[PDB]
Each structure stands twice: as C-alpha cells, then as structure tokens.
$ cat upload03.tsv   # TSV, C-alpha atoms and all ligand atoms
chain	number	residue	atom	x	y	z
U	1	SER	CA	0.00	0.00	0.00
U	2	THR	CA	0.92	3.67	-0.37
U	3	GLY	CA	-0.56	7.03	0.62
U	4	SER	CA	-0.07	10.56	-0.76
U	5	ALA	CA	-1.45	13.72	0.85
U	6	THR	CA	-0.98	17.39	0.11
U	7	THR	CA	0.36	19.53	2.98
U	8	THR	CA	-0.53	23.28	3.01
U	9	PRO	CA	1.10	26.18	4.93
U	10	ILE	CA	-1.24	27.54	7.62
U	11	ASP	CA	-0.24	31.18	6.91
U	12	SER	CA	1.87	33.48	4.73
U	13	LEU	CA	5.04	32.74	6.78
U	14	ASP	CA	4.94	28.91	6.54
U	15	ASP	CA	4.67	28.78	10.32
U	16	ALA	CA	3.40	25.21	10.06
U	17	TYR	CA	1.77	22.89	7.53
U	18	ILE	CA	-1.55	21.06	7.74
U	19	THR	CA	-2.49	17.81	6.09
U	20	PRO	CA	-6.06	16.44	5.91
U	21	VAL	CA	-6.58	13.18	7.81
U	22	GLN	CA	-9.71	10.99	7.79
U	23	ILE	CA	-10.64	9.60	11.23
U	24	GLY	CA	-13.54	7.28	11.99
U	25	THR	CA	-16.55	5.89	10.15
U	26	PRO	CA	-18.09	7.78	8.45
U	27	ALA	CA	-14.90	9.80	7.95
U	28	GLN	CA	-14.32	12.90	10.00
U	29	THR	CA	-11.63	14.98	8.22
U	30	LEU	CA	-9.31	16.95	10.50
U	31	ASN	CA	-6.34	19.08	9.42
U	32	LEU	CA	-3.29	17.82	11.37
U	33	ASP	CA	0.22	19.11	11.79
U	34	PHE	CA	2.51	16.20	10.79
U	35	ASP	CA	5.37	16.33	13.28
U	36	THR	CA	8.54	14.24	12.80
U	37	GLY	CA	9.66	15.54	16.23
U	38	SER	CA	6.92	13.83	18.29
U	39	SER	CA	5.05	10.54	18.46
U	40	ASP	CA	1.43	11.27	19.49
U	41	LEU	CA	-1.56	11.53	17.14
U	42	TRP	CA	-3.86	13.83	19.13
U	43	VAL	CA	-6.92	15.81	18.11
U	44	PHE	CA	-9.26	18.48	19.24
U	45	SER	CA	-12.39	16.56	20.17
U	46	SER	CA	-15.92	16.60	21.63
U	47	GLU	CA	-14.08	16.10	24.98
U	48	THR	CA	-11.92	19.25	24.68
U	49	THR	CA	-12.75	21.92	27.37
U	50	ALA	CA	-15.16	24.20	25.42
U	51	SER	CA	-13.32	27.44	26.36
U	52	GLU	CA	-10.10	25.94	24.79
U	53	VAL	CA	-11.71	25.38	21.36
U	54	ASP	CA	-11.79	28.42	18.98
U	55	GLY	CA	-12.58	27.45	15.39
U	56	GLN	CA	-10.88	24.02	15.20
U	57	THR	CA	-12.67	21.04	13.66
U	58	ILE	CA	-13.23	18.39	16.37
U	59	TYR	CA	-13.23	14.62	16.35
U	60	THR	CA	-16.43	13.20	17.95
U	61	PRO	CA	-15.82	9.52	18.77
U	62	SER	CA	-19.51	8.93	19.62
U	63	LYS	CA	-20.30	9.59	15.90
U	64	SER	CA	-17.80	6.96	14.67
U	65	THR	CA	-19.00	3.38	14.39
U	66	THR	CA	-15.37	2.17	14.55
U	67	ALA	CA	-14.25	4.23	17.60
U	68	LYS	CA	-13.51	2.26	20.82
U	69	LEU	CA	-12.34	3.75	24.13
U	70	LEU	CA	-8.85	2.47	24.99
U	71	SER	CA	-9.92	1.89	28.56
U	72	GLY	CA	-7.67	3.44	31.22
U	73	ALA	CA	-5.27	5.04	28.78
U	74	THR	CA	-4.26	8.69	29.21
U	75	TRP	CA	-1.73	10.95	27.56
U	76	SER	CA	0.05	14.21	28.29
U	77	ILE	CA	2.64	15.98	26.18
U	78	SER	CA	4.80	19.09	26.39
U	79	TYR	CA	6.55	20.48	23.29
U	80	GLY	CA	9.82	22.42	22.87
U	81	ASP	CA	7.86	25.73	22.52
U	82	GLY	CA	6.21	25.31	25.99
U	83	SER	CA	2.81	24.21	24.53
U	84	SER	CA	1.00	21.17	25.90
U	85	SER	CA	-2.10	19.00	25.66
U	86	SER	CA	-3.55	15.96	27.42
U	87	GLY	CA	-6.51	13.65	27.45
U	88	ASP	CA	-7.80	10.12	26.93
U	89	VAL	CA	-7.51	7.66	24.05
U	90	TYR	CA	-9.71	5.94	21.45
U	91	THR	CA	-8.74	3.48	18.78
U	92	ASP	CA	-10.22	4.19	15.36
U	93	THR	CA	-9.60	3.88	11.65
U	94	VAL	CA	-7.26	6.61	10.35
U	95	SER	CA	-6.50	7.29	6.68
U	96	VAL	CA	-3.90	9.63	5.18
U	97	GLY	CA	-3.86	10.19	1.45
U	98	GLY	CA	-5.64	6.88	0.77
U	99	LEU	CA	-3.51	4.78	3.21
U	100	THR	CA	-5.67	3.30	6.00
U	101	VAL	CA	-4.64	2.03	9.45
U	102	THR	CA	-7.18	0.24	11.60
U	103	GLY	CA	-6.84	0.31	15.37
U	104	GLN	CA	-4.82	3.57	15.44
U	105	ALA	CA	-4.56	5.25	18.82
U	106	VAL	CA	-6.35	8.62	18.45
U	107	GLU	CA	-5.51	10.73	21.53
U	108	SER	CA	-8.54	12.90	22.33
U	109	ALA	CA	-7.63	16.20	23.99
U	110	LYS	CA	-9.41	17.16	27.17
U	111	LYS	CA	-7.06	20.14	27.65
U	112	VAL	CA	-4.87	22.15	25.25
U	113	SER	CA	-2.56	25.11	26.01
U	114	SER	CA	-3.27	28.62	24.75
U	115	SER	CA	-1.03	28.39	21.62
U	116	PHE	CA	-3.22	25.48	20.33
U	117	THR	CA	-6.52	27.25	21.12
U	118	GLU	CA	-5.26	30.43	19.36
U	119	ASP	CA	-4.34	28.52	16.16
U	120	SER	CA	-7.78	27.79	14.56
U	121	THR	CA	-6.10	26.17	11.51
U	122	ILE	CA	-4.53	23.18	13.36
U	123	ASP	CA	-6.95	20.46	14.53
U	124	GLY	CA	-4.21	18.34	16.15
U	125	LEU	CA	-0.87	16.69	15.55
U	126	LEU	CA	0.19	13.48	13.86
U	127	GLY	CA	3.54	12.38	15.27
U	128	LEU	CA	6.09	10.70	13.00
U	129	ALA	CA	9.07	10.34	15.36
U	130	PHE	CA	9.81	6.91	16.88
U	131	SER	CA	7.06	5.25	18.94
U	132	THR	CA	9.40	5.17	22.01
U	133	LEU	CA	8.39	8.83	22.55
U	134	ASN	CA	4.65	8.19	22.56
U	135	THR	CA	3.14	9.51	25.81
U	136	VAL	CA	0.18	7.11	26.26
U	137	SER	CA	0.13	5.48	29.71
U	138	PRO	CA	0.09	2.79	30.91
U	139	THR	CA	0.37	1.11	27.47
U	140	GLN	CA	2.54	3.10	25.02
U	141	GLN	CA	1.00	3.33	21.53
U	142	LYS	CA	2.44	3.21	18.02
U	143	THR	CA	2.57	6.04	15.50
U	144	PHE	CA	0.52	5.99	12.32
U	145	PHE	CA	3.75	5.23	10.40
U	146	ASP	CA	4.75	2.38	12.68
U	147	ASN	CA	1.25	0.83	12.40
U	148	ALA	CA	1.23	1.30	8.56
U	149	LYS	CA	4.83	0.10	8.03
U	150	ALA	CA	4.29	-3.62	7.43
U	151	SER	CA	1.50	-2.84	4.82
U	152	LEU	CA	3.60	-0.27	2.89
U	153	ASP	CA	5.33	-1.10	-0.40
U	154	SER	CA	8.59	0.30	1.18
U	155	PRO	CA	8.96	1.23	4.89
U	156	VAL	CA	9.43	4.96	4.20
U	157	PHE	CA	7.69	8.28	4.20
U	158	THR	CA	8.81	11.46	2.49
U	159	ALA	CA	8.37	15.13	3.32
U	160	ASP	CA	8.32	17.60	0.43
U	161	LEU	CA	7.41	20.91	2.08
U	162	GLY	CA	6.74	23.96	-0.07
U	163	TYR	CA	8.08	27.50	0.29
U	164	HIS	CA	4.94	29.64	0.44
U	165	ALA	CA	3.17	26.81	-1.44
U	166	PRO	CA	1.65	23.39	-0.82
U	167	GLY	CA	3.78	20.27	-0.77
U	168	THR	CA	3.37	16.56	-0.20
U	169	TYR	CA	3.73	13.77	2.36
U	170	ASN	CA	4.05	10.35	0.73
U	171	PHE	CA	3.94	7.00	2.54
U	172	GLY	CA	5.42	3.79	1.17
U	173	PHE	CA	7.19	5.06	-1.95
U	174	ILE	CA	9.75	7.52	-3.33
U	175	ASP	CA	8.47	9.84	-6.00
U	176	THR	CA	11.49	10.02	-8.34
U	177	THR	CA	9.84	13.00	-10.14
U	178	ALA	CA	9.75	15.14	-6.96
U	179	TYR	CA	13.53	15.85	-6.66
U	180	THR	CA	16.58	16.65	-8.80
U	181	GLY	CA	19.87	14.75	-8.81
U	182	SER	CA	20.34	11.90	-6.33
U	183	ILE	CA	19.23	11.31	-2.74
U	184	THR	CA	22.09	11.27	-0.18
U	185	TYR	CA	21.36	9.01	2.77
U	186	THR	CA	22.84	9.56	6.23
U	187	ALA	CA	22.79	7.57	9.45
U	188	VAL	CA	20.13	8.06	12.13
U	189	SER	CA	20.39	7.54	15.87
U	190	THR	CA	17.08	6.58	17.50
U	191	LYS	CA	18.56	6.82	21.03
U	192	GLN	CA	16.49	9.95	21.91
U	193	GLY	CA	13.43	8.81	19.82
U	194	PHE	CA	14.04	11.42	17.08
U	195	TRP	CA	15.22	11.33	13.47
U	196	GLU	CA	18.65	12.42	14.75
U	197	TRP	CA	21.50	12.71	12.27
U	198	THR	CA	24.82	14.55	11.86
U	199	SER	CA	25.28	17.27	9.26
U	200	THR	CA	28.80	17.53	7.82
U	201	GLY	CA	29.00	21.35	7.93
U	202	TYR	CA	27.75	24.63	6.59
U	203	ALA	CA	28.40	27.66	4.44
U	204	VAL	CA	27.03	31.20	4.60
U	205	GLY	CA	26.14	32.71	1.24
U	206	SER	CA	28.92	32.30	-1.29
U	207	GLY	CA	31.43	31.64	1.55
U	208	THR	CA	33.64	28.61	1.91
U	209	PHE	CA	32.15	25.45	3.35
U	210	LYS	CA	33.14	24.76	6.97
U	211	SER	CA	33.49	21.01	7.61
U	212	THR	CA	32.13	20.42	11.12
U	213	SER	CA	29.83	17.77	12.65
U	214	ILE	CA	26.41	19.17	13.70
U	215	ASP	CA	24.15	16.62	15.43
U	216	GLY	CA	20.48	17.52	15.16
U	217	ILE	CA	16.97	16.31	14.44
U	218	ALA	CA	14.81	16.48	11.32
U	219	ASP	CA	11.62	18.06	12.75
U	220	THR	CA	8.72	19.02	10.49
U	221	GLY	CA	6.86	20.34	13.52
U	222	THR	CA	9.44	23.08	14.21
U	223	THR	CA	9.24	26.23	12.06
U	224	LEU	CA	12.84	27.45	12.19
U	225	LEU	CA	16.42	26.16	11.90
U	226	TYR	CA	18.12	26.05	15.34
U	227	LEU	CA	21.90	25.60	15.23
U	228	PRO	CA	24.87	26.18	17.53
U	229	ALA	CA	25.55	29.78	18.51
U	230	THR	CA	28.88	29.83	16.62
U	231	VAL	CA	27.16	28.88	13.33
U	232	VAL	CA	24.25	31.28	13.85
U	233	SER	CA	26.58	34.20	14.72
U	234	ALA	CA	28.61	33.50	11.55
U	235	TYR	CA	25.39	33.65	9.48
U	236	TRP	CA	23.96	36.88	10.95
U	237	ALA	CA	27.36	38.64	10.88
U	238	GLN	CA	26.85	38.72	7.07
U	239	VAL	CA	23.64	40.82	7.40
U	240	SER	CA	24.16	44.55	8.07
U	241	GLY	CA	22.30	45.59	11.20
U	242	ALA	CA	21.38	42.05	12.36
U	243	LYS	CA	21.54	41.48	16.09
U	244	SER	CA	20.34	39.10	18.77
U	245	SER	CA	17.49	40.77	20.75
U	246	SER	CA	16.78	39.38	24.26
U	247	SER	CA	13.51	41.44	24.19
U	248	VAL	CA	12.27	39.81	20.94
U	249	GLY	CA	13.78	36.36	21.69
U	250	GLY	CA	16.31	35.88	18.92
U	251	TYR	CA	18.10	37.35	15.95
U	252	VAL	CA	16.37	40.18	14.13
U	253	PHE	CA	17.47	42.02	11.03
U	254	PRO	CA	16.44	45.12	9.09
U	255	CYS	CA	13.50	44.38	6.87
U	256	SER	CA	15.37	46.29	4.09
U	257	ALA	CA	18.09	43.55	4.03
U	258	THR	CA	18.71	40.95	1.35
U	259	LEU	CA	19.56	37.74	3.24
U	260	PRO	CA	22.34	35.35	2.18
U	261	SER	CA	21.66	31.71	1.56
U	262	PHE	CA	22.64	29.03	4.09
U	263	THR	CA	24.10	25.70	3.00
U	264	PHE	CA	24.14	22.55	5.16
U	265	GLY	CA	26.03	19.34	4.44
U	266	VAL	CA	24.55	15.87	4.12
U	267	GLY	CA	27.55	13.60	3.71
U	268	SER	CA	29.38	15.02	0.65
U	269	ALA	CA	26.16	16.60	-0.64
U	270	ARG	CA	24.94	20.14	0.03
U	271	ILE	CA	21.43	21.54	0.56
U	272	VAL	CA	21.10	25.26	-0.11
U	273	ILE	CA	18.45	27.24	1.81
U	274	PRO	CA	17.77	30.42	-0.21
U	275	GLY	CA	17.98	33.68	1.72
U	276	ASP	CA	14.32	34.35	1.20
U	277	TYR	CA	13.42	31.19	3.23
U	278	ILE	CA	15.19	32.76	6.27
U	279	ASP	CA	12.92	35.88	6.33
U	280	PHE	CA	10.06	35.51	8.87
U	281	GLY	CA	8.89	39.09	8.40
U	282	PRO	CA	8.16	41.95	10.79
U	283	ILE	CA	8.42	41.13	14.50
U	284	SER	CA	5.10	42.95	14.98
U	285	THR	CA	2.75	44.27	12.42
U	286	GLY	CA	4.28	47.24	10.55
U	287	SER	CA	7.74	46.96	12.20
U	288	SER	CA	10.88	47.48	10.17
U	289	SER	CA	12.61	44.81	12.34
U	290	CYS	CA	12.25	41.34	10.82
U	291	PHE	CA	12.60	37.98	12.58
U	292	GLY	CA	15.31	35.56	11.44
U	293	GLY	CA	14.69	32.00	10.38
U	294	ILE	CA	18.03	30.74	11.71
U	295	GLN	CA	18.27	30.93	15.52
U	296	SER	CA	20.56	29.62	18.23
U	297	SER	CA	19.87	26.22	19.76
U	298	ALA	CA	21.78	27.20	22.96
U	299	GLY	CA	19.46	26.43	25.93
U	300	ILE	CA	17.25	24.07	23.83
U	301	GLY	CA	19.79	21.22	24.28
U	302	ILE	CA	19.49	19.96	20.66
U	303	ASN	CA	19.96	21.37	17.15
U	304	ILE	CA	16.74	21.28	15.11
U	305	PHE	CA	16.51	21.10	11.31
U	306	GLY	CA	12.99	22.52	11.19
U	307	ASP	CA	10.85	23.55	8.25
U	308	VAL	CA	13.25	26.36	7.10
U	309	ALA	CA	15.83	23.66	6.34
U	310	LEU	CA	13.54	20.76	5.37
U	311	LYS	CA	11.49	22.71	2.82
U	312	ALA	CA	14.71	23.31	0.82
U	313	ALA	CA	14.93	19.54	0.24
U	314	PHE	CA	13.08	16.36	-0.63
U	315	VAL	CA	13.48	14.37	2.63
U	316	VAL	CA	13.22	10.59	2.97
U	317	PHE	CA	12.45	9.17	6.40
U	318	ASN	CA	13.58	5.56	5.97
U	319	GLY	CA	12.03	3.35	8.68
U	320	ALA	CA	13.76	0.13	7.66
U	321	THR	CA	15.30	-2.02	10.41
U	322	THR	CA	18.34	0.33	10.33
U	323	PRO	CA	16.66	3.77	9.90
U	324	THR	CA	18.28	6.43	7.76
U	325	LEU	CA	17.48	9.93	6.42
U	326	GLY	CA	17.82	10.94	2.82
U	327	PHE	CA	18.07	14.44	1.37
U	328	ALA	CA	17.84	15.55	-2.24
U	329	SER	CA	17.72	18.99	-3.85
U	330	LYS	CA	14.48	19.88	-5.68
L	1	NA	NA	7.31	33.91	16.59

$ encode --input "upload03.tsv" --output "structure tokens"
Amino acid sequence: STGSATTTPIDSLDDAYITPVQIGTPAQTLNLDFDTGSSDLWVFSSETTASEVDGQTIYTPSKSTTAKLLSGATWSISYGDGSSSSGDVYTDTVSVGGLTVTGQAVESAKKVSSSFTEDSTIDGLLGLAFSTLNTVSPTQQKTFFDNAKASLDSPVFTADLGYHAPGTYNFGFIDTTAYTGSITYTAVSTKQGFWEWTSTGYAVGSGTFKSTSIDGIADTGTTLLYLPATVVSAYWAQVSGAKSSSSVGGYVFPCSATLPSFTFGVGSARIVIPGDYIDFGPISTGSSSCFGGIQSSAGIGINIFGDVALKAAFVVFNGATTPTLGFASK
C-alpha cells in the first residue's frame, strides 16, 4: 500500500503545515500538523474543554462506528515551545492520502494550552518520530507510520514541504519525479526517539564550506532552523544591522536587508536554503525589524533542522530495520 497527501502552509510565513486526515466511520476529516519531532496523534475533540476550542474542527468519537475507548489510557505531552495537551484515548480507523490504518490510537484532547486554542487552523498533531516517545500510559501506543509500516510497499515516508506553497507527504514510496539529482542518505540515531543525524557542515552565502559535525533532528513540527551559537553568529554577521534581541527572543534584522543563503552538508552533498526562506517578516505588524529563520539552539539542548531547512529539500524518512534519512535537492 501507499498514501499521498498534500500539505498546506497555515499562513503566509509557513509557520506550520496542515495535512487532511480521515478519522472514523463515516470519515471525520481533521487538518493535522505532521510532526517528525513527536510521536502522538492527538486531536481536538468533543471532549476538549469548550473554552479551549476556537474554530478548530473536532473529532467526535460517539459519531464513529469504529471508535472504541482504549480503557484506562491517558496521555500528556509538552513540546519544545512550551505548549501542551492531554486527554484520553480511542482506537479508530485513520487514513492519510488513501492509506488506511485500523486500530490507530487517536488521543482525544481534554485540555490544550493557549497556543493550540489560538491557532484555529490546526486540529491536532500526527507524530512521526519513533514510537518510544509516545506519551500514552500505561500502554505506550504506536505512531501511524509504525502501524502502517508492514503494509507499505517500502517502509518509508517522504516530506516535500513547499516555500509559500503546498507540498506533499508520501507513505510507502519515493516519487522520483519530486527531486533533482540523487538522494544522499545519512545515518540516524534513535537513542532519543528522534530522526537524529549529523550534518557535515555549513556555508554562509557564497562563503567557503566549513566542515564540522552538527548533530540535530529532522523536525517538520518546528518552524525554524536552530543551530549552535557559533554557526548562527557567523550567518547573521553577514547581514548589516542584524543582532540578537533578548527582548524579541532571537536574531532580528532590518526588513530592508537581502539575506544570504545558508548551505548545510549531508555527507558530501549540500542543501542550499535560499535567503528568502530565512525571512520571517516583521516582528510585529508594521515593524521594520524582521525575525530571522536561523536561531541559536543554545538552551534548547538539541539542534533542530525545522521547516526552514527541510522545505529546501526532498526528505526521505527511511524506517527500515536500520533507519536512515535521505536528502535531495528539488
Ligand atoms: Na514567533
């Protein structure tokens, strides 16, 4: 089997991407944020505290003929941005792009933090990191990918995120038309439950490539690229008037600037992030200070190849017995 679903930016900045997901029978279609940095499939629901719902589409298990309470199971998650959600668990039929899993754990939110309530476009998350990070207690549950794996033509999914445009998540196959050149594969550590890999270095603009090992995670659920302070300082030093602002919470730059590209290494290959991808626009409406898309990972405890990096590439998440990541230009 295979699946193929279009993923759409939620706003003009590509802050996140939503992908339609069919849950239950008859289908209830919710727009989920596919997150390779977490392992819970959770939804806004008929159980969510009413004051915490503001425009999201909800899953109502009582209207699904295939929903079953997973008796006793609860979940609670906290993300890197300080957001959180918790609730109880149903099993139900879940389909993505024509690929169906029966018996998927669908985590029904009873509570969500303010950042979820305030984002009317995101109806929940679909985690695609390793199932060892799933929060369901007392019986940990599998991700949609892990449940689909054995049925897939190849045990893979791919992320092809657009810059200010829709893109695609495919399950079970490589679309050889979706990238240019060849795919470079690199080793993954699953020790922390993430798609954790080691970049071979970076360049700023037309500068020379610096060979240096950068361990980090491929995380579709993180907007920005978070890298060590040395690397980030080297990037922003090439933009006149850029500075790190403790008041704003990261590097800012004059909105009049033209940003340089950023290159990261994947083995001997190179992925180039155009400068335009690094512009996250005014820090507040009408400001001439713009927020940078490359930020320091110091204090976060891990480097994160978020959407700024990933949308410059066709990315293969290879879930074979020895997992690997692949990156191609596109
Ligand atoms: Na922000």

$ residues_near_ligand --input "upload03.tsv" --ligand "ligand NA 1 (chain L)" --cutoff "10 Å" --atoms "only C-alpha atoms and all ligand atoms" --output "list in words"
residues 15, 223, 224, 248, 249, 250, 280, 281, 282, 283, 284, 291, 292 and 293 of chain U

$ atom_distance --input "upload03.tsv" --atom1 "CA of residue 319 in chain U" --atom2 "CA of residue 141 in chain U"
16.9 Å

$ closest_residue --input "upload03.tsv" --among "U:258, U:114, U:220, U:22" --to "residue 129 in chain U" --atoms "only C-alpha atoms"
U:220

$ closest_residue --input "upload03.tsv" --among "U:195, U:200, U:227, U:274" --to "residue 324 in chain U" --atoms "only C-alpha atoms"
U:195

$ atom_distance --input "upload03.tsv" --atom1 "CA of residue 243 in chain U" --atom2 "CA of residue 297 in chain U"
15.8 Å

$ atom_distance --input "upload03.tsv" --atom1 "CA of residue 51 in chain U" --atom2 "CA of residue 31 in chain U"
20.1 Å

$ closest_residue --input "upload03.tsv" --among "U:131, U:76, U:113, U:36" --to "residue 191 in chain U" --atoms "only C-alpha atoms"
U:131

$ residues_around --input "upload03.tsv" --residues "residue 34 in chain U" --least-positions-apart "3" --cutoff "10 Å" --atoms "only C-alpha atoms" --output "PyMOL selection string"
chain U and resi 7+16-20+31+37-39+41+124-129+159+169+219-221

$ residues_around --input "upload03.tsv" --residues "range 228-236 of chain U" --least-positions-apart "2" --cutoff "6 Å" --atoms "only C-alpha atoms" --output "list in words"
residues 204, 238, 239, 242, 296 and 297 of chain U

$ write_last_selection --input "upload03.tsv" --atoms "C-alpha atoms" --output "CSV table (one decimal), keeping the file's coordinate frame"
chain,number,residue,atom,x,y,z
U,204,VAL,CA,27.0,31.2,4.6
U,238,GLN,CA,26.8,38.7,7.1
U,239,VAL,CA,23.6,40.8,7.4
U,242,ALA,CA,21.4,42.0,12.4
U,296,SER,CA,20.6,29.6,18.2
U,297,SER,CA,19.9,26.2,19.8

$ axis_aligned_box --input "upload03.tsv" --around "range 152-166 of chain U" --padding-each-side "6 Å" --output "JSON"
{"center_x": 5.5, "center_y": 14.3, "center_z": 1.7, "size_x": 19.8, "size_y": 42.7, "size_z": 18.3}
